[PDB]
Amino acid sequence: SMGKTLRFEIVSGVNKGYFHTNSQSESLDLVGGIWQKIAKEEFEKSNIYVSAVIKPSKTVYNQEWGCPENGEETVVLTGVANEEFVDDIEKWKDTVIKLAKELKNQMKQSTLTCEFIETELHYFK
Amino acid sequence: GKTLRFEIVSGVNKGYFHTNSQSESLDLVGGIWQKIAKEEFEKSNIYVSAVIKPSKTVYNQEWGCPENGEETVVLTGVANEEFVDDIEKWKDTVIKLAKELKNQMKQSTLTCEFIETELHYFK
Amino acid sequence: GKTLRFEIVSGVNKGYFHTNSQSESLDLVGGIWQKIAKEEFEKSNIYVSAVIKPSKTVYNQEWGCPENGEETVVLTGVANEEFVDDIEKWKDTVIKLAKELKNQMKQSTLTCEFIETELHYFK
Ligand SMILES: Nc1ncnc2c1ncn2[C@@H]1O[C@H](COP(=O)(O)O[C@H]2[C@@H](O)[C@H](n3cnc4c(N)ncnc43)O[C@@H]2C[C@@H](N)CC[C@H](N)C(=O)O)[C@@H](O)[C@H]1O
Ligand SMILES: Nc1ncnc2c1ncn2[C@@H]1O[C@H](COP(=O)(O)O[C@H]2[C@@H](O)[C@H](n3cnc4c(N)ncnc43)O[C@@H]2C[C@@H](N)CC[C@H](N)C(=O)O)[C@@H](O)[C@H]1O
Ligand SMILES: Nc1ncnc2c1ncn2[C@@H]1O[C@H](COP(=O)(O)O[C@H]2[C@@H](O)[C@H](n3cnc4c(N)ncnc43)O[C@@H]2C[C@@H](N)CC[C@H](N)C(=O)O)[C@@H](O)[C@H]1O
């Protein structure tokens, strides 16, 4: 029910120019639907299912590098390696990286960040 | 130098509370947290504040997830040394509140994580 | 090799800025951060980008919290080794910007945290 493990965080753009969504709820459904498909497909391959909590956001960077004024519409995906389901943390990590790259490809993103953070998970069921 | 932060993820249980918007879910969960944190504070003098964020959680539809994700909330907070004198008792308190939130939101499962953090508090 | 991420939590000060939606607050804080980060970059060549999320912060009404929570914003960012040559200088830049944000948002207190993180950057 408790133990040291890893969480991940990925930040992606929503690519309005390609998908033409017009609200943050539409953007969340877009990214969430892609994550759902790729996570299920990898689960069928490796028996490792990576669930993700997805949050709306704006990412602020220099307008001279392409950022809209007041920020780019983005989505933050996070998840934790639950030892109830993950027997091998290194395989899970490699799965997350694989999914992050697939998300970057299918979202047509030029760059993407994927972070791993040490966490102590308490799981109540 | 280092302290802890927590992160809890819960469903919002629209079917039970009959809320109709993510804004209503935030007020619902906020009010529940506000009440349970106050109640615990009056027992132990340990107040656990929480930053609450809207979210969706994506998992396998075979396990009950709606297409594109379940509506969820993320609650986070930090053990501020200004207010916290015993980190172990603070962790116990977060866990106690996380279990109360799980019960009141009628959740079958719930995650509560602790992450090491370096807090700079400006006042 | 780990790097750092930061997390800042701030009020949105609806009463001072006369905003009436979370979207308006997000754009306002986003513009304020964009300006202070650009000005700092023009001096030090350290650009601190930030991912900003809407939120509500729940604390004791006895200390001034509104019922169900205060409207807040969470700003996070990562020290990407592709652009950050000196982590200490980056950390001091984040702290400097957090203090500027506190002043410009007219906040009485503000938290700024640093968390160790393993960053994979795909380009
Ligand atoms: N900090 C920096 N210092 C110096 N130059 C920079 C910096 N950032 C960007 N640049 C320039 O811009 C070019 C593109 O860089 P990049 O796409 O990485 O620049 C990114 C970061 O500045 C920021 N960002 C991304 N993930 C973040 C996270 N987890 N936390 C905080 N901020 C985040 O967001 C920027 C744009 C991304 N959101 C991607 C935008 C778009 N969807 C795309 O795919 O191209 C670089 O090659 C540089 O020339
Ligand atoms: N990763 C997995 N691998 C294998 N089987 C799984 C997995 N996840 C769920 N299952 C199956 O589904 C059953 C239910 O498991 P569980 O309720 O824990 O499955 C949860 C996780 O997959 C995901 N989730 C929850 N917290 C998360 C976090 N912090 N980060 C990332 N994802 C998070 O969300 C799922 C459902 C929860 N949101 C709760 C749903 C609902 N409100 C409820 O109370 O039952 C399990 O007994 C398994 O049979
Ligand atoms: N935990 C506590 N225990 C005991 N006394 C407390 C506590 N918190 C606040 N107080 C009392 O209230 C006064 C003000 O304290 P403070 O402004 O720090 O109290 C803050 C925290 O309780 C909470 N908060 C802020 N950042 C947070 C984070 N990252 N995670 C979780 N919660 C967060 O939010 C409270 C108010 C802030 N959002 C600022 C509100 C307002 N915008 C302002 O600028 O004054 C203190 O001097 C004490 O008298």
Side-chain angles (χ1 to χ4, degrees), chain A residues 1-2 5 7-9 25 28 32 35 50-57 75-82 84-85 119-125, chain B residues 4-40 47-60 63-66 68-78 90-115, chain C residues 9 53-59 68-70 72 74:
Chain A
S1 183
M2 60 159 300
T5 188
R7 63 147 57 201
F8 73 85
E9 172 158 317
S25 65
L28 272 191
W35 190 269
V50 185
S51 56
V53 181
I54 68 179
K55 283 168 254 43
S57 57
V75 169
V76 179
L77 306 89
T78 67
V80 64
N82 191 329
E84 185 116 343
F85 314 121
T119 188
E120 178 185 296
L121 171 66
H122 300 243
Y123 179 55
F124 309 119
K125 59 176 183 300
Chain B
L4 294 180
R5 61 185 281 116
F6 69 87
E7 176 165 302
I8 293 164
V9 182
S10 178
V12 305
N13 207 347
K14 286 176 53 173
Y16 184 74
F17 297 105
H18 301 105
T19 53
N20 297 304
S21 71
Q22 280 199 331
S23 167
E24 280 158 5
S25 289
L26 279 195
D27 278 352
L28 165 72
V29 176
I32 290 177
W33 189 269
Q34 205 165 49
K35 180 172 187 177
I36 62 170
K38 170 84 168 296
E39 286 167 349
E40 174 56 31
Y47 191 93
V48 183
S49 58
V51 178
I52 305 168
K53 283 165 299 205
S55 59
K56 282 207 170 136
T57 296
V58 178
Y59 61 103
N60 195 337
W63 309 328
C65 189
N68 303 323
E70 168 193 9
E71 291 176 29
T72 50
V73 288
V74 178
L75 299 93
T76 65
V78 65
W90 179 89
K91 292 181 68 180
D92 288 350
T93 304
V94 171
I95 289 166
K96 185 187 182 182
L97 293 172
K99 289 160 73 74
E100 290 177 356
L101 180 69
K102 180 189 180 298
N103 174 242
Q104 297 191 24
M105 300 296 298
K106 312 297 190 190
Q107 299 299 286
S108 72
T109 66
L110 184 131
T111 58
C112 179
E113 294 169 63
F114 294 96
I115 296 157
Chain C
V9 180
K53 287 172 249 63
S55 58
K56 282 192 158 184
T57 296
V58 173
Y59 63 106
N68 304 337
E70 169 198 3
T72 48
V74 178

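Letters A, B, ... are given to chains in the order of the sequence lines, protein chains preceding strands, and every chain is numbered from 1.
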Nearest heavy atoms of C:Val9 and C:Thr72, plus distance in Å: CG1-CB, 4.4 Å

- request: Using the side chain to side chain contact (heavy atoms under 4.5 Å, CB included) rule, take B:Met105 and B:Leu28 through it: C-alpha gap first, then chi angles, then the decisive distance, then the call.
  value: CA-CA 10 Å; B:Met105 300 296 298; B:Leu28 165 72; 4.1 Å; yes

- request: Quick one: list whatever passes salt bridge (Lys or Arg N to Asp or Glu O under 4.0 Å) with B:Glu71, sequence neighbours left out.
  value: B:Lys14

- prompt: Crowded around A:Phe85 CZ? As in, over 12 foreign heavy atoms under 6.0 Å?
  reply: yes

statement: Residues passing the ring-ring contact (aromatic ring centres under 6.0 Å, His included) test with C:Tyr59, sequence neighbours excluded, are none

Steps toward side chain to side chain contact (heavy atoms under 4.5 Å, CB included) verdict (A:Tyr123, A:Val80): CA-CA 11 Å; A:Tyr123 179 55; A:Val80 64; over 6 Å; no

message: Pair A:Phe124, B:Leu101 - check side chain to side chain contact (heavy atoms under 4.5 Å, CB included), show working.
response: CA-CA 11 Å; A:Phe124 309 119; B:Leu101 180 69; over 6 Å; no

Non-neighbouring partners of B:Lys96 that pass salt bridge (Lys or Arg N to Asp or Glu O under 4.0 Å), sequence neighbours left out: B:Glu40

task: Given side chain to side chain contact (heavy atoms under 4.5 Å, CB included), test B:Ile115 with A:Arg7 step by step and report yes or no.
output: CA-CA 10 Å; B:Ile115 296 157; A:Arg7 63 147 57 201; 3.8 Å; yes

query: Which of these, B:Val74, B:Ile52, B:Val73, sits in a side chain to side chain contact (heavy atoms under 4.5 Å, CB included) with B:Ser10?
result: B:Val73

field: Any residue meeting side-chain contact (heavy atoms from CB on, under 4.5 Å) with B:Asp27, in chain and number order, not counting sequence neighbours
entry: C:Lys56, C:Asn68

query: What are the two closest heavy atoms between C:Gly69 and B:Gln34, and how far apart are they?
result: N-NE2, 4.2 Å

- prompt: Is the backbone of B:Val48 close enough, under 3.5 Å, to the side chain of B:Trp33 for a donor and an acceptor to pair up by distance?
  reply: yes

Minimum heavy-atom distance between B:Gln107 and B:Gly11, given as atom pair plus value: OE1-N, 3.0 Å

- request: Looking only at non-hydrogen atoms, find the nearest pair between B:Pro54 and A:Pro56 and report the distance.
  value: O-CD, 3.8 Å

Point-to-point distance, once rounded to the nearest 0.5 Å, from OG1 of B:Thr109 to NZ of A:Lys125: 9.5 Å

Side-chain heavy atoms of B:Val29 within contact of B:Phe17, under 4.5 Å: no

Donor-acceptor pair, side chain of B:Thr19 and main chain of B:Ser25, under 3.5 angstrom: no

- request: Look up atom CD in B:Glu113 and atom CG in A:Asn82, then write down how far apart they are to the nearest 0.5 Å.
  value: 9.5 Å

query: Can you tell me how far the SG atom of B:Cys112 sits from the NZ atom of B:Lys102, to the nearest 0.5 Å?
result: 13.0 Å

statement: When rounded to the nearest 0.5 Å, the distance separating NZ of B:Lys99 from CG of B:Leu110 is 10.0 Å

Nearest non-hydrogen partners of B:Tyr47 and B:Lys38, listed with the distance: CE1-N, 4.0 Å

Minimal non-hydrogen separation, A:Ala52 against A:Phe8, with atom names: CB-CZ, 4.2 Å

query: How far does CD1 of B:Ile32 sit from CG of B:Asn103, to the nearest 0.5 angstrom?
result: 10.0 Å

Set of residues satisfying side-chain contact (heavy atoms from CB on, under 4.5 Å) with respect to B:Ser21, sequence neighbours excluded: B:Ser23, B:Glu24

message: To the closest 0.5 Å, what do you measure between OG (B:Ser49) and CG (B:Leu75)?
response: 11.0 Å

field: With sequence neighbours excluded, residues passing salt bridge (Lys or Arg N to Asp or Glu O under 4.0 Å) with B:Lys91
entry: A:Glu120

